[PDB]
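Take a look at the structure set out below.
By letter and in written order, the chains are A, B, C, D, E and F; residue numbering begins at 1 in each of them.
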Amino acid sequence: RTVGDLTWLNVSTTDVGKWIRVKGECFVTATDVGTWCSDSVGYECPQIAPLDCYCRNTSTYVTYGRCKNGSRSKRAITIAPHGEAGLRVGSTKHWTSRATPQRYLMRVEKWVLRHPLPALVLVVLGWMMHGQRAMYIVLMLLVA
Amino acid sequence: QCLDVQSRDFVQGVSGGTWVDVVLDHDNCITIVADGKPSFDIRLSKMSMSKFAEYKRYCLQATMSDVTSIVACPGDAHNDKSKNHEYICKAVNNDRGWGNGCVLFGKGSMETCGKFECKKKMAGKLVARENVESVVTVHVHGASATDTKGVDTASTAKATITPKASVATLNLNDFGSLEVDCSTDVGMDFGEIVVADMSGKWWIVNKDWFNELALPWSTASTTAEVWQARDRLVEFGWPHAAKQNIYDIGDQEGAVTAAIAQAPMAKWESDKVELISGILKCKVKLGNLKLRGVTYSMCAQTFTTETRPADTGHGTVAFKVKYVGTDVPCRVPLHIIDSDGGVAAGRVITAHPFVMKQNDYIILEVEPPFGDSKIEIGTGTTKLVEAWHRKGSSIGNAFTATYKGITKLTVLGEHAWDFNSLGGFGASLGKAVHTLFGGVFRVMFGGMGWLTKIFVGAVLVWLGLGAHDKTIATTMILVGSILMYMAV
Amino acid sequence: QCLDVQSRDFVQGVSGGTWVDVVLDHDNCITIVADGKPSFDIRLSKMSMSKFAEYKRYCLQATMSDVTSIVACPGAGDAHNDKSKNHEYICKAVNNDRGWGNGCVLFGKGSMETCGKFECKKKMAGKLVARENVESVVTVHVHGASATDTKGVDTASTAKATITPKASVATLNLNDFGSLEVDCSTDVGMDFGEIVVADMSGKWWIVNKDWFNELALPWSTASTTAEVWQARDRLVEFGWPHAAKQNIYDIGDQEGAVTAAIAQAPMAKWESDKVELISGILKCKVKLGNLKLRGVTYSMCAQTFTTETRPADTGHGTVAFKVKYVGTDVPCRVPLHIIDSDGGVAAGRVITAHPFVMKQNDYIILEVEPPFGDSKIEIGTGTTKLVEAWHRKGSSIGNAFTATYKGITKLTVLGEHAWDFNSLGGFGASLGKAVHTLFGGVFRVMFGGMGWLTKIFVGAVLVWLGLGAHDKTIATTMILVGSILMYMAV
Amino acid sequence: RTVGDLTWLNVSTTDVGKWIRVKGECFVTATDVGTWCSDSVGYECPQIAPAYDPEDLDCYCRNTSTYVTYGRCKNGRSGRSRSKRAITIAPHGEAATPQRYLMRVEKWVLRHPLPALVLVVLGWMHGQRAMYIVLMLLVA
Amino acid sequence: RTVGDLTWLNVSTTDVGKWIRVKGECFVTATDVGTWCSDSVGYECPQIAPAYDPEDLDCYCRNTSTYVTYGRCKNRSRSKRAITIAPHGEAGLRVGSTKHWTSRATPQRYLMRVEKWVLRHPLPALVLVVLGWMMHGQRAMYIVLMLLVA
Amino acid sequence: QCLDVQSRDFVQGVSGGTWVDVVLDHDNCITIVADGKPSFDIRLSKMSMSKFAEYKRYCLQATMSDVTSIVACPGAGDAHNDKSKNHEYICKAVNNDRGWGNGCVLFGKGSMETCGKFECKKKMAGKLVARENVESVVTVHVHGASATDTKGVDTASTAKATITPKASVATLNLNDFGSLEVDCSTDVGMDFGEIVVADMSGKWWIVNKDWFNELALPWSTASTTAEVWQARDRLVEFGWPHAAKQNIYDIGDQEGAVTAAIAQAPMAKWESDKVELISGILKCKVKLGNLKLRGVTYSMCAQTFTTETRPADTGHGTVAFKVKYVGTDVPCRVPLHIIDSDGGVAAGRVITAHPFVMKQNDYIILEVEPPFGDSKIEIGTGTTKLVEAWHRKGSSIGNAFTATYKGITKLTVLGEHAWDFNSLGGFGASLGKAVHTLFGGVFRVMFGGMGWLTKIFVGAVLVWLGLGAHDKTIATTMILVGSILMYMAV
């Protein structure tokens, strides 16, 4: 079926490797060939002076499909781990994820336990001077 | 149907008022009785979302067909398919050699075009704060309920409250109408979530994480897709002289599912998705609610019980009594009495129960007093007496009630304050103090005496003005608290 | 039987006790003596581990067979082999540019799938050993018995017992001597967490867990019946790709490398699925109550005695000399007397208490502890009785203090088991045990011939001196007095 | 013997050097050709067009590929290993006294000279100072 | 063509797979053999004619061993292993790492360090300068010394 | 050319004191004005490395040929090869087990020596470069000429002179302007001995000699005619040894690998078989005495001048406008006067001094600074004299202070070379040039129009006030007079 100034022919598994005269004797030796199939490939068969196919005088196009084996290197696209997405997006923003009662007191107690001796030192020093001790404790949590 | 749930809360809406401030969560059922009015059960059924837009599609799998390649001898090859937008195409440099067929061996233009076909398309749908619906249901105790369960289906009703229409009214047959205002509060922000859709399974992922996912995607019409950047699933073979093969990478179903599964699953039904963590700061006006069958008389005939009094652990006794008798309308007596002194026990919850039809199973959920007690539910020697004992002290329950009230008050705060008018502010202040001290007042001042209580408040007021420490003036404030409880 | 080994220690068990504390090193022995009972010899015969589970199986000698490489030059899809199915087959996918000398349609990466069958022989098996199911067998030999054999060791005297931390107590039925009830704790020392026994072709070792896992080879954690051999590639290699075939070769056995690596590691004797430790020590407490004397009812010998070997010093402060008995009075206890230069006959404690001869012409072994300096030790009665004069060099108080040091060491070693604090009575019994162990030499030597009541009064006088008006520090005499008093009921 | 769209012949040591007509003659030049056995090798034989020279192909074959199954049992004994690695593996190795503790405290004092000098100055204002030094070495 | 007390023969593509008699019949079976080129291969061809077959032998003779001279005119980069190399830009840093006090550059660079220290730990710097003025240029000397300390 | 570039700093060379210091950076054109001479444009043109010695030759690409292997029977002694002594031949002694099937009586480990030719391609060429053989060329240029072309530059003003570290002194003969000679101590600032020029296949880089030696490849330090190639193995490996034959292979091209390891390095600018250095300052001293004014005899112009382009400010602080001259008195000097707002015309300062024309229609380029504020630049006389008002942004003393600062920094940069200490008179002249370059702007501005005799009197008054009995700070009046008496006398 020659259309658009180009010669096309529904080649199949049968005609592979055999010269076909069409103004030249022409043949194809591809291995991925098969039946008329949705997986169809379009390319010329260039005329070659004496590749899956070389042609003699008039270059031809083929559109063989492969339903015989109708698929490699299926490398999954690296895509984000959704779990840390929330943490990262939060990491961008500023000072909306820290509410003093909810976070700052937790941090205060976690540190005061984590540094008990400095805590006692600060508490004693503050008592050496009421709520001043609590203010000093909050400040010491802040400095660290 | 509020017997089974956990986290029941009891709120005593002051009489002569119209405000009951509640909060509802999926697993929370509020039972409130306002004296002179029947009981409630208000319980959020399913905060869901629906009718949400379309925002994207991702092409989880790619397919190629009718690929074409045009090779030019050295000294550019273009293809007709290059204009076809449904076709992806590339221009690469390699020229057929002398053995290949061209006059001069070298590197030259190749254009390889093909049909880009998509299926298994991922579906993104952005969802807004608006267009969230919630079916609040109300069940009212004290009916006949000819079924074995004490549920007279005519005593329930359901109403949906979209934030656009914060007010809906339920029609309870003959009880009156219950109308509710409510400012919804979704927990899962609608700003940063988008409802993904795989083949058939649904999800909830960050709109950020949805956008920055790398795949071929079409923003276009639902019917037809443009597939911008459709390269991310297609690789080209080695650019051979004859042709350059093109083929997909591979379907990404498994990869995307593995990347998401550590995220909420949302079971989908009927073009609607549930939304678990949604608080609901309704206030209920129960003014248009009236008792039923308050013109009957007490029951003469007997009762029969089917099961034991099964505690629900909230300081409540629930037990499915029956009734056999000819007096087919009949208010049911219920004299909950304690082992000591024969003084009446305490708060009854299912208030003014009756029996509409001969042989109906009703549910009498009542609160027995601390100590040993006895529930007496019939006249004469036909009664069904019971033995109950409320393990646990009284003032402990009082303190627990105060703390629960503090929690509910601070939760509902933004909504539970009306600053607009002096009258509204006074009403809100009254409701606040009442909710934050109702338990302490009921327990610590029980049987003191109405006039005795008022005079105690007056004595406290005088003492507050007495010559003492300015910081010790809190006794005067205590009087104001004491006086307000005389409104109830 | 414990003359052979050094490090033997004589723990004089206090009269009226049911505890005797000992420690039994893998190369050790203890000879305990009480007043009313014969003399023990206890030695940890041989520890052993067994019932140990399989852990791993490292291949050593690999064998490749039925190598199969399949190719497909570009455009035909990647090559595939059937053999990728079997886990017994290694398979490998590589790309090699098919040259025109091979001559298919195109030029480009020619994928190659290559597969072959894996065979392993001379495998190494690693096996775990647990802290449990470890049993040490304790042997007791009791002196005094008279064997008709040349070696004066009555085979019927000795008994054995195997003790485990799961079954901590065991009793030995010493024929006619009384059951000896021994309870003990076997601190292994060489932790069983970190060590793994390495089963070679014919030898075994005790190698470190981290070393055993850090060894790089193809292993298999599956059953010994058939092995999976994961990580095969570490011991085979692929030939440089050729357009036709990819040849697969292995490195061959690694007997030498493994042997050299493990050589400088503890070598573990293997015997009938039992591997002898050497680290472990036993912290045993010996309940000896159910034991009684024997032969106490006989008369005393009056026939002649003949010597077999001259009294040879044992170096342990004791003298051993097998004496024969030619006579007629068949059952008979041998009299025995240690006499100082002067009239003193309390010369030295006898180790082999109540030796008796159960037949005619027996070879009884005797072992005595002569006093310091001159000594004469009789062996019989009558004119014909043998006599052996001895001279024990060394100072008295010196041996006393060396004994104090030894007691301190043994106490410290037994420290946890040496002290029981469940009940105040038991705690007092233990404290008395420690005091007696740490002061036995000091008492028995530095306080000799003073007299029983005299020693009691000495303790009383020291107590009064401590209670008298003086320095609070000097009250140490009062405390020491109590130890003296406690050492009187001894 | 052809199975599963794959053609195989039990080639042997005799077959080296001579073509075998099978749609196209086919021959092998395997240096390891020999007796078929368990230790055998099987792979492809690419059919190469005449317009070329045999390149790196132990068998050069014409117009139809044909698989080969020559065993390397030549001269009875097994083929050469071609060993190219040294697997060498880590040797196992053979495996509180106051002397080592003195070593520790000395390494502390030489490790923290300024804190040690501070402690020595503080304790003097003697034996208590040495005890403090030992305790400080323990603490850090 | 036997030359130099050794028998050589100009083997070629046609010669492989065929016997050659030279005082024995010899036969080559090497696969990489071709014609004379710039690069060729030479080695002996020992006579493995005794009963058992040749092993690890591309070629073999019968009575007299020979030497072969094929080339690789197939018209061969076994064991490719690129020589990794030091990266350039880091060389000007690494070499300068080892030397001492020639990269000190005291006229400026130490002053840059002084300013970097004054900024990096401003609280100790303020304490130090205040103490120094508490007791002229002594403050600057103390600041420089402290910057040197770290 | 000098107007276009940035930082065209001026140095007001003193008349009679023939020292004028300059610092010609890679991009710092300097226009210096002699009160008695035309002005210069001296601007470093380039500093090139070329024709410099060979150091090393790495063989990036190596090919292999004519491999021959010599075999021996196992146990028959090691074989040898004739080529083994040949430099162009590489050999190795591999012990390969020649088998029983390999055709010898005793099989086992056997000898094998293989040899072949090692020939090179794509040789890298390392070359050290020293202080010498990198020379600079300075181009001078003068103003006042008449360019008989649209581009207002006269070739009679441009002149070159290549100065080499060895040949510090050179002369430029500005035709009929005079002769301008100059010495200069070239100071590269990129130590040549440290770096080595790397000649790739066709490219030229600059790399660190330590990097270049420590590169790991086969090399030769020998003559360029024939390399030696020691350490040649690093590109050649021996395949698996076969008892019969051995193979030898290269390891492929290295151009790409070396490039990618280096391409993170700069690319030299390849011109005329030479590279062009980037940033090496030249500290020169320019003697200007033999420079004569041209056309001081010509009659002053009268004809009409045609501005063809608006005066465009160069930005550096002076204004420049192309100007034609139509007339007939063709050997004439263009007049030029600068008039500000006020009456006085002394507020101006001309750059192109004594500007003259040769022919009719000679496009000359005049340049002038206008006094700060408004001013009117006239360019001729008669009826058609052009008039250009210009307004000068920014203040005067501000420019003066910046001038003092810039002079100070230039003095610091020139510190070493711009200081002589051998002769006291030379030292004094150096001090005078320094004080001008440090205070010329301050003196001209802060005392502009005071008056020569008035300035001298002011300096004397300052000196006498310095003699007053006051503090050390007031004694700086003597220093100020020392500027008045030394600057304001020349």
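Keep this in mind: a contact is a pair of C-beta atoms (placed from the backbone, for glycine too) under 8 Å apart; a residue touches a chain by one contact, two chains touch by 3 or more.
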(message) Tell me the fewest steps from subunit C to subunit D, where a step is a jump to a chain it touches.
(response) 1
(message) Between E-F and B-C, which chain pair is linked by the larger number of C-beta contacts?
(response) E-F
(request) For subunit A and subunit E, let me know how many angstrom lie between their CA-based centres, rounded off. (result) 35
(message) Roughly how far is subunit C from subunit E, centre to centre by C-alpha average, rounded to an integer in Å?
(response) 58
(request) With chain centres taken as the means of their Cα atoms, state the distance from subunit A to subunit D in Å. (result) 33
(request) Please compute the C-alpha centroid of subunit A, do the same for subunit C, then give the distance between them in whole Å. (result) 64
(message) Among all residues of subunit A, which ones touch two or more of the remaining chains?
(response) 51-53, 71
(message) Give me the residue numbers in subunit C that touch at least two other chains, ranges are fine.
(response) 75, 101, 104, 106
(request) Determine which chains touch and list them pairwise. (result) A-B, A-C, B-C, C-D, C-E, D-E, D-F, E-F
(message) Could you list, by residue number, the parts of subunit F that touch subunit E in their complex?
(response) 63-71, 99-104, 207-208, 210-211, 214-217, 234-235, 237, 239, 242-247, 249-252, 254, 257-258, 261-262, 264-265
(request) Write out the stretch or stretches of subunit C touching subunit E in their complex. (result) 101, 240
(message) Help me check something: in the complex, which residues belonging to subunit A touch subunit B?
(response) 38-49, 51-55, 59, 63, 71, 73-83, 85-86, 89
(message) Which residues of subunit C touch subunit A once you look at their complex with the stated criterion?
(response) 75-78, 104-106
(message) If we count contacts the way the header does, which residues on subunit B are in touch with subunit C in the complex?
(response) 237-238, 240, 242, 245
